Amino acid sequence: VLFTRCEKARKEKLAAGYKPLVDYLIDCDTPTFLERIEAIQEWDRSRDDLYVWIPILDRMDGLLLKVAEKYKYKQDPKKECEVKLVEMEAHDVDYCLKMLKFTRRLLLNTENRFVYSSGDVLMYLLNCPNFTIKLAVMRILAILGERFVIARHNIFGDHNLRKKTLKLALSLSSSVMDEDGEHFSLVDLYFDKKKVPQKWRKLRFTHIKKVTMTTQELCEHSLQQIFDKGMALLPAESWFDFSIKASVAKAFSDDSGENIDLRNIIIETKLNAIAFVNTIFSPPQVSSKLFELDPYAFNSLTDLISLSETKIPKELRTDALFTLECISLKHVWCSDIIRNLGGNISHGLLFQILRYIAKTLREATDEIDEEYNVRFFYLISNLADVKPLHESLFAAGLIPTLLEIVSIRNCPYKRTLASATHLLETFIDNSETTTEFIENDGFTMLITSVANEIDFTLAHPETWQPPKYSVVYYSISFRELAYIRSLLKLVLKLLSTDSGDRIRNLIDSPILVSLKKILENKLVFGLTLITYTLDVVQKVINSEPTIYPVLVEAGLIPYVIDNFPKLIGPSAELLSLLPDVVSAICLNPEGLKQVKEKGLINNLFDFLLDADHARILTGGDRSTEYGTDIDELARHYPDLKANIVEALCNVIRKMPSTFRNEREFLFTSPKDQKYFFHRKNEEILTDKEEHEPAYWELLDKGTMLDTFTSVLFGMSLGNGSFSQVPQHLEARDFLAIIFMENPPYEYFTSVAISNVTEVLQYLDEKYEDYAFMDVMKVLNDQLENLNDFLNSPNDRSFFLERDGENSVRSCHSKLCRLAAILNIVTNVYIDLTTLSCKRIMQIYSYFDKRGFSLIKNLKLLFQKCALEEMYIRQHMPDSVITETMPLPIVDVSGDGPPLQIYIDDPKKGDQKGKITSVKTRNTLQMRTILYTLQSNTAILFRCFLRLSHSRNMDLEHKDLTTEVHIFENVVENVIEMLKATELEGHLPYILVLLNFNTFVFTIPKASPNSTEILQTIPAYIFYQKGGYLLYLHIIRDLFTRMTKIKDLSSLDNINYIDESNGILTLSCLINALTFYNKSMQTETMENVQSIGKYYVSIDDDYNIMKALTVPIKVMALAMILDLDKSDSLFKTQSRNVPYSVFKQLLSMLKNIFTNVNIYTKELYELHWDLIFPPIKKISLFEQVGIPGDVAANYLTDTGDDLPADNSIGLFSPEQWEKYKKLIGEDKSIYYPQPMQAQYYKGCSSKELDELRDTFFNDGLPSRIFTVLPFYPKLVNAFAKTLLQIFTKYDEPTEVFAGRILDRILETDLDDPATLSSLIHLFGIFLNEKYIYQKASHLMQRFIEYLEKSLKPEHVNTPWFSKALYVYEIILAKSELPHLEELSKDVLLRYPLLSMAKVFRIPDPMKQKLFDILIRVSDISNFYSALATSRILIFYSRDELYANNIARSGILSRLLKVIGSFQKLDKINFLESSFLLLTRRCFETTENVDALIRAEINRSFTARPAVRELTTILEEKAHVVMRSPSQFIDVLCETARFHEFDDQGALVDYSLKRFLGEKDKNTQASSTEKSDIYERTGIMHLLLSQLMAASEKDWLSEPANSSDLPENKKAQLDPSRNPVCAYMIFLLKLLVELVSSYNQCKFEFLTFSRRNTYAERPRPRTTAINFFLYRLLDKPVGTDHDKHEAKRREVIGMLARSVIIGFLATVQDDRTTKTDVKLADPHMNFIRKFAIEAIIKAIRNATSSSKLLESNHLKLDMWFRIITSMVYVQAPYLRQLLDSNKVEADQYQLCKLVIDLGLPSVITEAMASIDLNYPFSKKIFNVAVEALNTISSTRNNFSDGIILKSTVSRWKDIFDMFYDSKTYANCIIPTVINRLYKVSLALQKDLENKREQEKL
């Protein structure tokens, strides 16, 4: 029963209505219980909820779950031993059917049926030999399935049940064959026309097996005998089937006087099973599994349901009819149902039944199956949803026929007449149906019947049969109240049509006076009839206001107005019309005047003071839309805004008197009378109640307020009648309904505190001075009443100290109010995202006037609520702690105040709902309140410390002296909290405090990630008061605590803060050293202005943010040095410091040694009373003889000059001589004094420089090699810190690099880890340009070392990767374009620039290392493979090196690594590196050249003389870097460059395309015999790996996931199967290679598992066949493995793309020659060979239809391939091949298919398909789809898978290696050195000269 808290509260109150009902059924022995159950039968009331019946269901479920065990029918899904076939005892059936027969009568007359939970005993009961039990259990299952299909528990997936249902449906067949008849349909059973076929009359059952019990063996054995005999033979897995079949045979065995009864039961069960199957199963699944086996279902169903037949069983009629009500729920079956019934003709069966229904109703001969009629109407109303069927029934005479029923007079069968009237309402939607109803005098009989019913009902009060077991407001039989409700609800739907006519028909009728009889008798007709009666009155006035006088004469409106309060009751639909009923009465000015008088607006709000009425309205959408309608009633009639307000206020002013102390929320435990635990080892009194207590929505107030604040939230939208409430309502009166005096613990979570924060946020933007100062006074006064909780001992829990008293109850109640107040405050008024200027001024005024008493209390609240969540967790068993963890609260996302100290990994999942108790609820209520009292108390302090600095406003002197005065009081309180407790025993508290300090003192990250910037001025005051001297004494105390821990290694692998002293002692040491590194980085610090802003009596005006760092570093560095003194670090090899604590101590040094351009000598204390116009002086002047504002000017002009020794121009003699007596001899006080030294002797920049020197000269950088080997996890930090140190103390870093290298050249290789770290550091240093230029000698020596030391056998050591990393750093630079120098005075002026030099490795060294790296062996290290790939991508730039790489076999060894580490996350990088290296192994000078040319010319177009060269070489950097020589060469044969400059130097670098310039000299080439030659062998390896990965399970889901099995991953993750990821990678690689490079195809074409040599290798087809047949040959298919289907489709798309890419033509220089349609014989040869296989594949798949059944899924793809081929479009493709070139692809591929003869090879496949095979539908459909495309294309001519084109991969390489697009600029001299003398000079001088020479 997963309900919302509101729905649960509504239903728990609704269930209180059926207390007499439950008590009447649950207070009986048991024989009586069944006796009462068997007397319910017919409902005389509305459809009850199932929730209120649940207790009866449980008493019944238990009774069944005990009789199930009696016969062992109880099954255990997992054990297929099956329950032994044992016929249930006769008497014991009645006991089991009196209950299962009532579960139908209950589940039909009940809604919210989804709460049913007994669908487990049903499975256990289904495995029962007896069918009657099975009949009932299947009827109930069918009803439950109907409910489910209508709704769009878990048992709808249980495959065992699915099979039981499928077999019971495929029970005795509907009709098969008889020698003297067509098929003996089931209906024939009851006609003595055909005799039952003898096949049914005997038994023959299989499981290899065959058991037969021919008749005369089924006629003597009793059912139990047969059931046992068979099971003895057959396995238990097939006992159910034997039971069903033997029962069928024995039932048909003889035409006895009883056997027929059992046949009836079996057929009924079959029908109900069909219905259930139709519900759970999918339509295609239902057709394939159920109808395929039995296609005669419908043809039989539509024969049984015929009331005219008096021989068919009355129960079979309903069951067959019920099956159709389920089947029709899917529109696909509706058409056939109507066709079978005859719903298209007017004389069919569907209309012959309707006439018999009327015949019976017109005579009442006890042959009226009112359930039959009702369900027939449901069937028709389901068939009527299919618009084609709606029209078919309309034209067949539905309405003319249905109008013969509802026109019956004085009928007593109102169950059928009410359903017919609802069917009529549903049917009539068009104008055709409406005008056909009206035309046949339909609307005149409707209103005549309504009046007749109403008139009779009132006159005959002896026919009233109201319910006696529900709470209702009528006195008439529900039958009559429903018939009238149906007539009225159709009278309403017929009024939205041409109401001008319908309203005139109403007037000339007795309807109007018969409606005043409904209104003048409400206790008779109830409220659902008054809701429909008042809806006509309001819908009749709003469409014809001229009728208002008539409605007044009849006396309706006069009665509506004079009895309005009498007409309101707890009915949701009634209450949603009252605003619309007043908006119609008000259309008449006299009506409006009467509404103003008589208080018809006071009645639209007064009902909200009643819990019963508020609960019905809910408090959600219906409640809000009742407010937005009141506002409309104010708009249309602005004359009522004076009454909607005088009523609203009178409601808000009266609620506080309706509040009562209903419940108590804290309960003492029964045993000890203590609310809370008192030890970690108490005994838990487990209960079965709800773990989370809910009291709000179950209260008379939680509904009243939840509804009222929803009305208010609706009415707040836009200005209206609510906007004027403040002008009439005091703020206090509005805050007496929100801040109740005893709310529950969940009040601040309610919707009354989520709507009233939208009402108060709307009264804020407008009335900014209305509530604020009152909300704050309420806060301050509530916190002032907790003067005994806040001001209590800090060494014990205030609550535990008085457990069992009332103060525990009378204090938690105060904190519950304080929790809603603070949630209001921090959500409405003080929000860092909403702080406006006026809000800030309001805060300043509040603190000026009321005083700083609120902050001294907010500190005490956070301090005591953190001491009570620690003293209480030190007395609670760990299970309780993980149960009562309060974080999972609405809205709140943690991420801030009080840190949660878990006991179990939160990332694991949930842990609540495994234990409960009185105590486990009394502490979940406490720890939840305590959590928001601290969470909201920390957001308040964050805002109290930002204030103006958020808006950056300009402030006055009194508006600054206060801000710096709030900052001074929030910080002296943050310190008082830290200075109070002691770490010993309160560590969990010091961890909350140190996260609170780091939260208040930081601003949110103003970016998606960003970081928490520091609040500089609060931090400055913090230091001023000694806030960092405290963090030192905390850190020198948490460092001896971290040094006496044993297992410091485990701490480095934690991801959840536990309550272990170990981890706690570490967490405080990172939340301190982190706050201490944040106040030292000018990037994490807020850039406040200079000190002069505040003081003027200073010496040096410094930037406060910059000047604060120095004092901080002078202490941090001193503490560090002291630490090194005490044998802790930079010494010892035992790693005395965890990884994270050392990460901070290293960023503490990069900052300690960063220099900020400011030399501070002394820092002045920031004091609010000493800011300029010093108040400490101005206030004193005020004390005697105020020079008001003149004193201000006096100090402003004298520059803060204290009147020296006499009154001069002011200070009258009496004013003086007093200023003398005052002004004590301490003139210092009135000036900003300098800060004192902290920790160190002097915290000035001089001392910072003097300590950094001492640290520097102690050779700690020379002591760095003594630590580095042990902390390899962080060497970049070790580098940045060291580089910063050296930069600060300018020193040649090259010297330190040499020192590192010398260590390497003497480090034994037996130290892999020291060598790894050392090489990583060396590589990191070389990565900086300012040191690279000075390391040529170092890099040469490194190359040497590598050559002499490195051996291929080291590939698996962890230092190999770093050695290759440094080598790559050297290489990338070494392979930059060879810089050329300007020559022969190229001029151009503008001195070029010249770029930095680059170390150039001697060529032999490259070769000697390459010959070492290609020779490596099997790699078991991911990082070795990654580094080798990155290095080899460089050598592959040269074809000669790529040849060696490919022939080496290195690629196989890398693919092995790729395959092995397919689960490792970073496998993507290795995948990409391998892809790039392989792509580079196929690229050749020719292909390169072609693409290089195609790139530059495409740059020259742009399509926005042009193209400044400095852009081409900065946008095509990858293009140049692939082959700079070729780029230069091609660039010189065009782009001959313009703008020679006036003198001819060359001013700018813009180039001219110069198409044809330099002539068109060109060479020729033929290719062939090279691609044919190539046989690189890479494709052999890739295909071998894929063809080997196919065998392994690339479909099976891996073992399991443990946290998101039914979550996250679900099927979302298709790469979990390790082989699939390997397969996916290989397939993507294959697509890219086969679609990019021509040589790749010839390898795919001639692939062969045995790599035998054959010049011009034979074009084998092993690969193509593998892709077509074998690759997707994994049978599986069965079951419903979502993951397997996903993987199959993914591989299908990838394989299809592979073939299309294999058939496409590679993009090349021939871009604009797309016009050419010549083709290529080789490309042709590829396509003929490929298609000719698919043809040859189809002509095998087709013949021998036997074969077709197997190759029926392969044929579904071979046809899709044909579609993609001729529509040149495949999944995941089209990123690679030019769109210009796919004109011949489609065209030529078509032309080929036509020529090949494959518009007809498809047809011959269709001409050989026995259509009986179900898949034929699919095969035929796609086969046409391919033909459609082929013809379509012919006419014109008369997911996480990223694939990228070749050049895009060059870009990838460039991105990985060169981190600068500038580098390509290096060749600029070359082009300048090249064409210019012979290009620019020549062309230009000639061009301008010849044209000039022309004239």
# chains A, B, ... in the order shown; residues from 1 in each chain; ligands from 1
>>> select_by_dssp(residues="range 743-945 of chain A", states="helix (DSSP H, G or I)", output="ChimeraX atom specification")
/A:747-749,752-759,762-766,772-785,800-802,807-829,837-850,855-867,873-875,878-883,906-908,918-945
>>> residues_around(residues="residue 1429 in chain A", least_positions_apart="4", cutoff="12 Å", atoms="only C-alpha atoms", output="PyMOL selection string")
chain A and resi 1361+1364-1365+1368+1413-1414+1422-1425+1433-1436+1445+1450-1451+1453-1455+1457-1458+1469-1478+1480+1853+1856
>>> write_last_selection(atoms="N, CA, C and O atoms", output="tab-separated table (two decimals), in the first residue's frame")
chain	number	residue	atom	x	y	z
A	1361	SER	N	55.82	2.63	-17.93
A	1361	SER	CA	54.85	3.59	-18.43
A	1361	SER	C	55.37	5.01	-18.28
A	1361	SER	O	55.25	5.82	-19.21
A	1364	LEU	N	58.24	5.75	-20.77
A	1364	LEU	CA	57.64	6.07	-22.05
A	1364	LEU	C	56.91	7.41	-22.05
A	1364	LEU	O	56.86	8.07	-23.08
A	1365	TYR	N	56.36	7.82	-20.91
A	1365	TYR	CA	55.73	9.13	-20.80
A	1365	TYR	C	56.73	10.26	-20.97
A	1365	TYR	O	56.48	11.21	-21.73
A	1368	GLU	N	57.76	10.32	-24.50
A	1368	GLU	CA	56.75	10.96	-25.32
A	1368	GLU	C	56.82	12.48	-25.21
A	1368	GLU	O	56.68	13.18	-26.22
A	1413	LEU	N	61.02	-1.21	-28.72
A	1413	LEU	CA	59.61	-1.19	-28.33
A	1413	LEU	C	58.75	-2.16	-29.12
A	1413	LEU	O	57.85	-2.78	-28.55
A	1414	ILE	N	59.00	-2.33	-30.43
A	1414	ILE	CA	58.23	-3.31	-31.18
A	1414	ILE	C	58.49	-4.73	-30.72
A	1414	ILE	O	57.72	-5.63	-31.04
A	1422	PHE	N	47.99	-2.27	-18.06
A	1422	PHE	CA	47.22	-1.35	-18.88
A	1422	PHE	C	48.03	-0.11	-19.25
A	1422	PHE	O	48.02	0.32	-20.40
A	1423	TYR	N	48.74	0.46	-18.28
A	1423	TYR	CA	49.49	1.68	-18.53
A	1423	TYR	C	50.67	1.47	-19.46
A	1423	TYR	O	51.01	2.38	-20.22
A	1424	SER	N	51.29	0.29	-19.44
A	1424	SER	CA	52.32	0.01	-20.42
A	1424	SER	C	51.75	0.02	-21.84
A	1424	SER	O	52.35	0.61	-22.74
A	1425	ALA	N	50.60	-0.61	-22.04
A	1425	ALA	CA	49.97	-0.62	-23.35
A	1425	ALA	C	49.59	0.79	-23.78
A	1425	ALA	O	49.81	1.19	-24.93
A	1433	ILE	N	52.13	5.94	-32.01
A	1433	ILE	CA	51.40	6.83	-32.90
A	1433	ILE	C	52.34	7.80	-33.59
A	1433	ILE	O	52.05	8.26	-34.70
A	1434	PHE	N	53.47	8.12	-32.96
A	1434	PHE	CA	54.44	9.02	-33.55
A	1434	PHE	C	55.23	8.34	-34.66
A	1434	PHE	O	55.30	8.85	-35.79
A	1435	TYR	N	55.83	7.19	-34.36
A	1435	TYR	CA	56.58	6.47	-35.38
A	1435	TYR	C	55.69	6.12	-36.57
A	1435	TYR	O	56.18	6.08	-37.71
A	1436	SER	N	54.40	5.88	-36.34
A	1436	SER	CA	53.52	5.47	-37.42
A	1436	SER	C	53.36	6.58	-38.45
A	1436	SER	O	52.88	6.34	-39.56
A	1445	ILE	N	55.81	-1.80	-37.53
A	1445	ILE	CA	54.83	-1.96	-36.47
A	1445	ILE	C	53.82	-3.04	-36.80
A	1445	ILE	O	53.52	-3.89	-35.96
A	1450	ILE	N	53.09	-6.64	-32.56
A	1450	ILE	CA	52.80	-5.83	-31.38
A	1450	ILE	C	51.29	-5.67	-31.27
A	1450	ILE	O	50.73	-5.66	-30.17
A	1451	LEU	N	50.63	-5.54	-32.42
A	1451	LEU	CA	49.20	-5.26	-32.41
A	1451	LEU	C	48.41	-6.37	-31.75
A	1451	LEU	O	47.44	-6.10	-31.03
A	1453	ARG	N	49.47	-8.31	-29.35
A	1453	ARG	CA	49.72	-8.20	-27.92
A	1453	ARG	C	48.96	-7.04	-27.30
A	1453	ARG	O	48.53	-7.15	-26.14
A	1454	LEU	N	48.78	-5.95	-28.02
A	1454	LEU	CA	47.95	-4.86	-27.54
A	1454	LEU	C	46.47	-5.21	-27.53
A	1454	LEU	O	45.75	-4.85	-26.59
A	1455	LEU	N	46.00	-5.92	-28.56
A	1455	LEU	CA	44.61	-6.34	-28.58
A	1455	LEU	C	44.31	-7.30	-27.44
A	1455	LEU	O	43.20	-7.32	-26.91
A	1457	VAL	N	45.59	-7.10	-24.45
A	1457	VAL	CA	45.34	-6.21	-23.31
A	1457	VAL	C	43.96	-5.59	-23.42
A	1457	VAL	O	43.22	-5.49	-22.43
A	1458	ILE	N	43.60	-5.14	-24.62
A	1458	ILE	CA	42.30	-4.50	-24.84
A	1458	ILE	C	41.21	-5.47	-24.40
A	1458	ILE	O	40.26	-5.08	-23.71
A	1469	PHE	N	40.56	5.05	-23.23
A	1469	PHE	CA	41.78	5.67	-23.73
A	1469	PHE	C	42.61	4.70	-24.55
A	1469	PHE	O	43.08	5.04	-25.64
A	1470	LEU	N	42.78	3.47	-24.06
A	1470	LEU	CA	43.50	2.47	-24.83
A	1470	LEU	C	42.76	2.12	-26.11
A	1470	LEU	O	43.38	1.92	-27.16
A	1471	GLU	N	41.43	2.05	-26.06
A	1471	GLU	CA	40.64	1.77	-27.25
A	1471	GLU	C	40.90	2.83	-28.30
A	1471	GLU	O	41.16	2.51	-29.47
A	1472	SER	N	40.84	4.09	-27.90
A	1472	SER	CA	41.03	5.20	-28.82
A	1472	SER	C	42.45	5.20	-29.37
A	1472	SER	O	42.66	5.44	-30.56
A	1473	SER	N	43.44	4.94	-28.51
A	1473	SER	CA	44.82	4.91	-28.98
A	1473	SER	C	45.02	3.80	-30.00
A	1473	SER	O	45.69	4.00	-31.02
A	1474	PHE	N	44.45	2.62	-29.74
A	1474	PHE	CA	44.56	1.53	-30.70
A	1474	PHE	C	43.87	1.87	-32.01
A	1474	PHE	O	44.39	1.59	-33.09
A	1475	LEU	N	42.68	2.46	-31.93
A	1475	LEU	CA	41.97	2.84	-33.14
A	1475	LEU	C	42.80	3.81	-33.96
A	1475	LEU	O	42.95	3.65	-35.18
A	1476	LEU	N	43.37	4.83	-33.31
A	1476	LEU	CA	44.17	5.81	-34.02
A	1476	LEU	C	45.43	5.20	-34.61
A	1476	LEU	O	45.78	5.49	-35.76
A	1477	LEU	N	46.12	4.35	-33.85
A	1477	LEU	CA	47.31	3.69	-34.36
A	1477	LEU	C	47.00	2.80	-35.56
A	1477	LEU	O	47.75	2.81	-36.54
A	1478	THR	N	45.92	2.03	-35.49
A	1478	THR	CA	45.54	1.19	-36.62
A	1478	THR	C	45.18	2.03	-37.83
A	1478	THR	O	45.62	1.74	-38.95
A	1480	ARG	N	46.34	4.85	-38.55
A	1480	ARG	CA	47.60	5.37	-39.05
A	1480	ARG	C	48.46	4.31	-39.72
A	1480	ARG	O	49.35	4.66	-40.50
A	1853	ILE	N	44.41	13.04	-32.65
A	1853	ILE	CA	45.83	12.84	-32.35
A	1853	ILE	C	46.46	14.15	-31.93
A	1853	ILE	O	47.16	14.23	-30.90
A	1856	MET	N	45.52	15.05	-28.45
A	1856	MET	CA	46.18	14.25	-27.42
A	1856	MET	C	47.61	14.72	-27.19
A	1856	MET	O	48.06	14.84	-26.05
>>> residues_around(residues="residue 361 in chain A", least_positions_apart="2", cutoff="12 Å", atoms="only C-alpha atoms", output="PyMOL selection string")
chain A and resi 354-359+363-370+373+404-417
>>> residues_around(residues="range 654-670 of chain A", least_positions_apart="3", cutoff="9 Å", atoms="only C-alpha atoms", output="number ranges by chain")
A: 609-610, 649-651, 673-676, 685, 693, 695, 699-701, 704-705, 733, 736-737, 740-742, 744-745, 803-804, 808-809, 812-813, 917-919, 921-922, 925
>>> closest_residue(among="A:1270, A:607, A:1219, A:1164", to="residue 1237 in chain A", atoms="only C-alpha atoms")
A:1164
>>> residues_around(residues="range 591-597 of chain A", least_positions_apart="3", cutoff="8 Å", atoms="only C-alpha atoms", output="list in words")
residues 561, 582, 585, 586, 587, 588, 600, 601, 640 and 643 of chain A
>>> closest_residue(among="A:103, A:382, A:1193, A:253", to="residue 216 in chain A", atoms="only C-alpha atoms")
A:253
>>> atom_distance(atom1="CA of residue 541 in chain A", atom2="CA of residue 503 in chain A")
9.5 Å
>>> closest_residue(among="A:1078, A:13, A:728, A:1246", to="residue 648 in chain A", atoms="only C-alpha atoms")
A:728
>>> atom_distance(atom1="CA of residue 1086 in chain A", atom2="CA of residue 855 in chain A")
23.7 Å
>>> atom_distance(atom1="CA of residue 1159 in chain A", atom2="CA of residue 1254 in chain A")
19.0 Å
